[PDB]
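An overview of the molecular structure
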Amino acid sequence: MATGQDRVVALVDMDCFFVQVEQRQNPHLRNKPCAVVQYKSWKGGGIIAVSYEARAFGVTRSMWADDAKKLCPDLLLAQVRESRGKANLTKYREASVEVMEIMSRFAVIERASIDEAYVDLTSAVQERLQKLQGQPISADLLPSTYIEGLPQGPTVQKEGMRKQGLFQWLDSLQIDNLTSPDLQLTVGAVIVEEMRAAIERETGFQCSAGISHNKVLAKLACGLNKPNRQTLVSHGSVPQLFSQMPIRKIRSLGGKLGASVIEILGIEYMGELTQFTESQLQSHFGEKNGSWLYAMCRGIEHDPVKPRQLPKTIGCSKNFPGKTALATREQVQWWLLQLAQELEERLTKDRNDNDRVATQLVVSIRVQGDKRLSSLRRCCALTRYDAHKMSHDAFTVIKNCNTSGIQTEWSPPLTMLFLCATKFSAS
DNA sequence: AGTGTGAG
DNA sequence: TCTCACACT
Ligand SMILES: Nc1ccn([C@H]2C[C@H](O)[C@@H](COP(=O)(O)NP(=O)(O)OP(=O)(O)O)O2)c(=O)n1
Ligand SMILES: [Mn+2]
């Protein structure tokens, strides 16, 4: 049987990233219930990032800041920079590149979102083991590490138990077996302590991190002791960890597919999947998903961490909901121009920084009365980083979905507009 | 090429 | 009352 202990993978995840980005810049928000918001007027603005101090009051993402203040009257607020009538995120993107560059010193990273990356440390863990000759690993090398499932067997303060668990782990490590997977997880955990130290001292940002054998475990582990902590999930921890883990908490099972794992099969927790055969799971979810599910519930995944530190697409979008929808040709032309303009800005910066040019532009629009995020999506060529050409071209390739017989109106009204650069080529 | 899913 | 990765057809 193949064990899934072949690689060492980590998932680093910035803590309340936007909140942190504003908190480094405005010291007045430090160590304070605090949230980041976009578009100030409707209900104070929508909250997309919450200080941990603020979360103790109930404040969550996707809350109207006015409601947020009903839970947390001293909630402090930063607002996302607006430009061209639109939210602009350049500060967090640039903040992100700060972090990704420091991470890259240690291994190749797969940028996963603006604020989290997977790491393959399999080989860096190798090298460290040789240089370790054979000497053990003192717990002083893992000041923020938690070992999931420990302590076991025969202190009530949160970090007090963290030390006893970390002691049990080390106390049973076969330091001499260079091929021992648990040993390599330990060595990985040591590296990311360093990696995390370097991020904090060189940017001021704190994050969390999971260390395990694939990306799904690393991601689930990283959540286990947020914030400013890092968790090691061993192959051995999985049966217990998964015995009560709701299926929806495993990455890619949060949506409809995980919903049908529950009702079809009639279970609640990841561990309950081991009683099914692969052919059984393939019967229900296709041959890729059953294969993926039969392994995953035993803690096995092979989705590699790809070498990809830059986004694969540069994209701009704005919604125009309610009666703010767009019912005029000139109105439609003006927001495309705005969007194309930010696009042109960001594109030019890309071409200079990463020696690459986008060759294909995707324009997409939603109409009031539809209910899927995209009503429509059609592509067109992108030959010049020129805001006027692109906005012109984007029109042409959507003009004909104006149902209204009169020229200067747009029926039905547009409630979403989207420009996106893609199909990159080295430059 | 064009849609839907999942996620931050 | 945004963003961007990916699988499928
Ligand atoms: N639905 C979402 C999720 C995230 N974001 C943005 C703002 C978030 O600070 C940033 C990363 O979000 P996140 O990783 O889901 N959790 P965020 O760093 O607030 O804090 P933690 O929950 O990781 O502590 O993406 C967003 O704009 N809309
Ligand atoms: Mn985060």
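Structure: see above.
Conventions adopted
- Residue numbers count from 1 along every chain, following the sequence as written rather than necessarily the entry numbering; any residue without coordinates is not displayed.
- Chain letters and ligand numbers both follow the written order, the letters beginning at A and the numbers at 1.
- Only hydrogens and water are set aside when side-chain values are computed; all heavy atoms of the structure are taken into account.
- Only when DSSP finds a minimum of two bridges between them are two strands counted as paired.
- To qualify as a helix, a DSSP run of H or I must reach at least 4 residues; to qualify as a strand, a run of E must reach at least 2; elements of each kind are numbered from the N terminus.
- Angles here are taken between N-to-C directions and fall from 0 to 180 degrees, while the axes themselves are lines fitted to C-alpha atoms, restricted in helices to the stretch in contact.
- Of the two site types, the cavity is a set of points on a 1 Å grid over the protein atoms alone where a 1.4 Å probe fits but cannot get out, and the pocket is an open set with protein on both sides within 12 Å along at least five of seven lines, each lined by residues with an atom within 4 Å of a point.
- Grid points are joined across faces, edges and corners, and a volume is the space filled by probe spheres set on the points.
- Polar here means any residue outside two lists: the nonpolar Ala, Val, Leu, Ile, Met, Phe, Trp, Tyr, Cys and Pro, and the charged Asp, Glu, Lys and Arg; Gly therefore counts as polar.
- Residues are counted as near a molecule or strand when any one of their heavy atoms sits within 4 Å of it.
- Under the rule applied, a polar contact is a pair of N or O atoms within 3.5 Å (in protein, one hydrogen donor and one hydrogen acceptor; residues adjacent in sequence only if both atoms are side-chain atoms).
- The donor set covers N, O and S atoms within 2.8 Å of the metal, switching to 3.2 Å for Na, K and Ca, and it leaves out water, so a site may look short of donors.
- Under this scheme a four-donor centre is tetrahedral when all angles range from 85 to 135 degrees, a four-donor centre is square planar and a six-donor centre octahedral when opposite donors are above 155 degrees with the rest from 65 to 115, and any other centre is irregular.
- The rule is simple: take the accessible area with a 1.4 Å probe, protein chains only, and divide by the maximum for that residue type; under 20% is buried, over 50% is exposed, in between is partly exposed.
- Positive: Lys, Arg. Negative: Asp, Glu. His and the chain ends are not part of the count.
- Should a side-chain nitrogen of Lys or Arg be within 4 Å of a carboxyl oxygen of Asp or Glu, the pair is scored as a salt bridge.
- The contact criterion used is simple: two residues touch if any of their non-hydrogen atoms lie within 4.5 Å.

Overview of the sheet that holds strand β8 (residues 109-113)
Strand order across the open sheet formed by six strands is β8-β9-β1-β11-β12-β10, with mixed pairing between neighbours. At either margin of the open sheet sits one strand with a lone partner, and together these are β8 and β10 (145-147). When strand polarity is set aside, the average angle formed by the axes of neighbouring strands in this sheet is 20°. Where β10 meets strand β12 (residues 230-232), three bridges bridge the pair, whose relative direction is parallel.

Considerations on the layout of surface pockets
Size it by volume and the second largest pocket reaches roughly 810 Å³. Surrounding the second largest pocket, 27 residues form its lining, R93, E94, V97, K349 and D350 being those nearest its centre. Among the elements of the structure, α4 (90-104) and α12 (329-354) are those that each provide at least two residues to the lining of the second largest pocket. Its residues assigned to classes, the lining of the second largest pocket comprises eight nonpolar, seven polar and twelve charged.

Some thoughts on the protein's contact with DNA strand C
In the vicinity of DNA strand C lie 20 residues, with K86, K306, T313, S317 and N319 positioned nearest. Of all atoms in DNA strand C that approach within 4 Å of the protein, 79% are sugar or phosphate atoms. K306 has a polar side-chain atom sitting 2.7 Å from a phosphate oxygen of DNA strand C. One of the backbone nitrogen or oxygen atoms of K312 is found 2.9 Å away from a phosphate oxygen of DNA strand C. If one sorts the elements of the surface near DNA strand C by residue count, strand β13 (residues 314-319) sits on top with five residues. Split by residue class, the surface near DNA strand C holds seven nonpolar, six polar and seven charged.

Let's talk about the coordination of the manganese ion (ligand 2)
All of the protein donors around the manganese ion (ligand 2) are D13 (OD), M14 (O) and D115 (OD); their distances to the metal are 2.3 to 2.4 Å. For the manganese ion (ligand 2), the six donor atoms in the first shell make angles of 76 to 171° at the metal, so the coordination geometry reads as octahedral. Donor residues binding the manganese ion (ligand 2) come from one chain and are separated in sequence as D-M-x100-D. A residue pair is termed long-range when its members are at least 10 positions apart, and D13 in strand β1 (residues 9-14) and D115 in the loop between β8 and β9 (116-120) qualify at 102 residues. The exposure classification of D13 matches that of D115, with both residues buried.

Let's talk about the side chain of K318
Take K318: it is sitting in strand β13. At 6.4 Å, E82 is the nearest oppositely charged side chain to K318, a buried residue that forms no salt bridge. Here the side chain of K318 touches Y39 through a polar contact of 3.0 Å, side chain to side chain. From its side chain, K318 meets the backbone oxygen of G85 in a polar contact 3.3 Å long. In this structure, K318 is in contact with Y39, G85, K86, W335, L339, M416 and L417, ignoring residues within four places of it in sequence.

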